[PDB]
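Participant:
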Amino acid sequence: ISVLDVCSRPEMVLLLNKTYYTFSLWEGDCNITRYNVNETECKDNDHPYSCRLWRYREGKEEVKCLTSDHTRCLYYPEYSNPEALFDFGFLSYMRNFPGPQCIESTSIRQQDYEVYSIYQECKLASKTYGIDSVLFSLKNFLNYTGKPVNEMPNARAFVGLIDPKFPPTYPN
Amino acid sequence: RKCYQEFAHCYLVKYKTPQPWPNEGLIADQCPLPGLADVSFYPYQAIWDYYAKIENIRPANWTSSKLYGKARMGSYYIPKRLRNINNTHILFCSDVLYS
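Sequence order for the protein chains is A and B. Numbered by the UniProt record's numbering, the letters in the first sequence go through residues 374 to 413, 416 to 419, 426 to 553 in order. In terms of the UniProt record's numbering, the second sequence opens at residue 226 and continues consecutively.
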C-alpha cells in the first residue's frame, strides 16, 4: 500500500493499515518554527514554495461581529491559511522543490491476520451441494448488513462484520 | 463460470484481536483540495467526503468540538462508524489491491 492510496481509497487504509505514518507539513509540528526554518533541512529553487511552509499560525479561535443581526457573524480560524491555495503538499510530494516535511509513526495493529477467499469456497463447496443453493446462501451472506457488496463501487467497497459465520448452513 | 461471475474478487480478512482506529481526526495532505469552485481542476478525490471546509458564518458561541472533534481546522474528520471496537472481520470485493 502506497502513501497516496490513503486519499484515493481512504476506507481500506483506515481499516487495514497497521502503521499510521502521518505526513506533517504545517507549522508547529515536528519542532519546526518560522524563526528557525533556515537554521534547522534545506541548506539553501526557481519556485516560491522552496523551503516554504503551507499553514501558518495567526492566533486562536476568536469571534468578532457587531452587525445588526446576530446570525451572520464573522469567524476566525485557529490555523490560518496565508494563501488559501490547494496544490502545495501534492507538488511537494513529487520532490520538485525543497521544504520542511515530517513523517510520524504510530502503531495500531499487530498479530498478522488470516485471509479467506469466497471464490475458492464457492468452487470447492459446489462439488457436493446444489450449486444454486450455495450461490443463494453465499449471496445472502454477502447481504448480511442489508447492502450488497457487489452493488457498491469497485474503488471503495469495504465493510466491517461482527463475528459472521463462514460458511453458512445450506438448506437440505 | 457462475462462481467467477458472482464472487470473483471477494475476500474476507480476520484479525487476532479486535482493534479499531484510535485517532479521531486524520492529518494527511498528500493530494490537493477543492478550494471553492464547484468543478475543481483536479479530479474528484475520495477524501473530500471527510473535508473540514472553512466556514464563514457561525454563531458567537460556536465551538470546534460540536462536529469536527479534535481534528485541526481544514483537516479530515472521520466518523465513529469506521472505528467500532467490536469490528472483527472485514469483507471486500475489489481488484485495486492485486499485484
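No residue lacks a Cβ here, since even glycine has one placed at the ideal position from N, Cα and C.
Counting along the chain, where does the alpha helix (DSSP H) carrying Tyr-236/B start and finish?
Facilitator: Looking at the DSSP string, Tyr-236/B is not in any alpha helix (DSSP H); the run it does join, the beta strand (DSSP E), is 235–239.
Participant: Taking CB distances under 9 angstroms as the criterion, tell me whether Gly-260/B reaches chain A.
Facilitator: It does: the Cβ of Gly-260/B has a partner Cβ on chain A nearer than 9 angstroms.
Participant: Whole angstroms are fine: how far does the CA of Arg-433/A sit from the CA of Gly-299/B?
Facilitator: Cα-Cα distance, rounded: 19 angstroms.
Participant: Contact defined as beta carbons within less than 8 angstroms: I believe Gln-255/B pairs with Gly-470/A. What is the distance between those atoms, to the nearest angstrom?
Facilitator: Going by Cβ atoms, the distance from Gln-255/B to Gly-470/A rounds to 6 angstroms, so yes, they are a contact pair.
Participant: Cα separation between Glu-231/B and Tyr-510/A?
Facilitator: Rounded to the nearest angstrom, the two C-alpha atoms are 17 angstroms apart.
Participant: Give every residue of the same chain whose Cβ lies closer than 6 angstroms to the Cβ of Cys-403/A, excluding the five residues on either side of it in the sequence, and list them in chain order.
Facilitator: Same-chain partners within the cutoff: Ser-397 and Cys-483.
Participant: Kindly indicate which three-state DSSP category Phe-317/B falls into: helix, strand or coil?
Facilitator: If DSSP states are grouped into helix, strand and coil, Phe-317/B belongs with the strands.
Participant: Which residues mark the beginning and the end of the alpha helix (DSSP H) in which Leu-434/A is found?
Facilitator: No alpha helix (DSSP H) contains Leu-434/A, which DSSP labels as neither H nor E.
Participant: Between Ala-271/B and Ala-536/A, is the Cβ-Cβ spacing less than 9 angstroms?
Facilitator: Cβ distance < 9 angstroms, so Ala-271/B and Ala-536/A count as in contact.
Participant: Is DSSP giving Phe-396/A helix, strand or coil here?
Facilitator: Note: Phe-396/A maps to strand in three-state DSSP.
Participant: Using a C-beta to C-beta distance shorter than 9 angstroms, which residues of chain B count as neighbours of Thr-395/A?
Facilitator: The answer, in chain order, is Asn-248, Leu-251, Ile-252 and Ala-253.
Participant: May I ask which residues mark the beginning and end of the beta strand (DSSP E) holding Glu-442/A?
Facilitator: Counting along the chain, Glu-442/A falls outside any beta strand (DSSP E), and DSSP gives it neither H nor E.
Participant: At the level of alpha carbons, what is the spacing between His-451/A and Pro-284/B?
Facilitator: If you take the alpha carbons of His-451/A and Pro-284/B, they lie about 7 angstroms apart.
Participant: For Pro-529/A, which residues of its own chain have a beta-carbon under 7 angstroms away from its beta-carbon, when the five flanking residues on both sides are left out?
Facilitator: Excluding positions up to five away in sequence, the list reads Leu-523.
Participant: Quick check: the region 286–294 of chain B against the region 501–521 of chain A, are there 3 or more CB pairs under 8 angstroms?
Facilitator: The region 286–294 of chain B vs the region 501–521 of chain A: no contact.
Participant: Please check if any C-beta of chain B sits within less than 9 angstroms of the C-beta of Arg-407/A.
Facilitator: Cβ-Cβ to chain B under 9 angstroms: no for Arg-407/A.
Participant: Within 9 angstroms of any Cβ in chain B, is that where the Cβ of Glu-442/A sits?
Facilitator: So, interface residue.
Participant: Short of 8 angstroms in beta carbon distance, which residues of its chain neighbour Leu-542/A, apart from the five on each side in sequence? Order them along the chain.
Facilitator: Cβ within range, chain order: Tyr-525 and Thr-526.
Participant: Out of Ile-405/A, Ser-518/A and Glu-502/A, which one is the CA nearest neighbour of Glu-416/A?
Facilitator: If we check each option's Cα against that of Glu-416/A, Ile-405/A comes out closest.
Participant: When Cβ atoms are compared, which residues of the region 494–519 of chain A fall closer than 8 angstroms to chain B?
Facilitator: Listed by position along the chain: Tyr-494, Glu-495, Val-496, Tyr-497, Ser-498, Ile-499, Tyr-500, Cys-503, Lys-504, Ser-507, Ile-512, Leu-516 and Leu-519.
Participant: Using a Cβ cut-off of 9 angstroms, which residues of the region 301–322 of chain B contact any Cβ in chain A, in chain order?
Facilitator: Here the close residues are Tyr-301, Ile-303, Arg-306, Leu-307, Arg-308, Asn-309, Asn-311, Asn-312, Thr-313, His-314, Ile-315, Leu-316, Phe-317, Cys-318, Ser-319, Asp-320, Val-321 and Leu-322.
Participant: Quick check on the burial criterion: 16 or more other C-beta atoms within 10 angstroms. Buried or exposed for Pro-429/A?
Facilitator: Answer is exposed; the Cβ neighbour count stays below 16.
Participant: Which same chain residues, not among the five before or five after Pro-548/A, have their C-beta less than 7 angstroms away from its C-beta?
Facilitator: Once the five neighbours on either side are set aside, the close Cβ partners of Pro-548/A are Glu-502 and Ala-506.
Participant: Taking C-alpha atoms, which residue in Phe-467/A, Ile-499/A and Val-444/A lies nearest to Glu-459/A?
Facilitator: Here the closest residue by C-alpha is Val-444/A.
Participant: Three-state secondary structure (DSSP) at residue 346/A?
Facilitator: With chain A represented from 374 up to 553, any question about residue 346/A goes unanswered, as that position is not in the structure.
Participant: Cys-380/A: which of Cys-318/B, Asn-312/B, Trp-287/B and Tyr-269/B sits nearest, CA to CA?
Facilitator: Answer by Cα proximity: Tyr-269/B.
Participant: Determine the burial state of residue 425/A: buried for a count of at least 16 other Cβ atoms within 10 Å of its Cβ, exposed for fewer.
Facilitator: One cannot assign coordinates to residue 425/A, given that chain A in this structure leaps from 419 to 426.
Participant: Any heavy atom of the ligand SAM within a distance shorter than 8 angstroms of the CB on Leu-322/B?
Facilitator: Questions concerning the ligand SAM fall outside what the structure shown contains, since it holds no ligand whatsoever.
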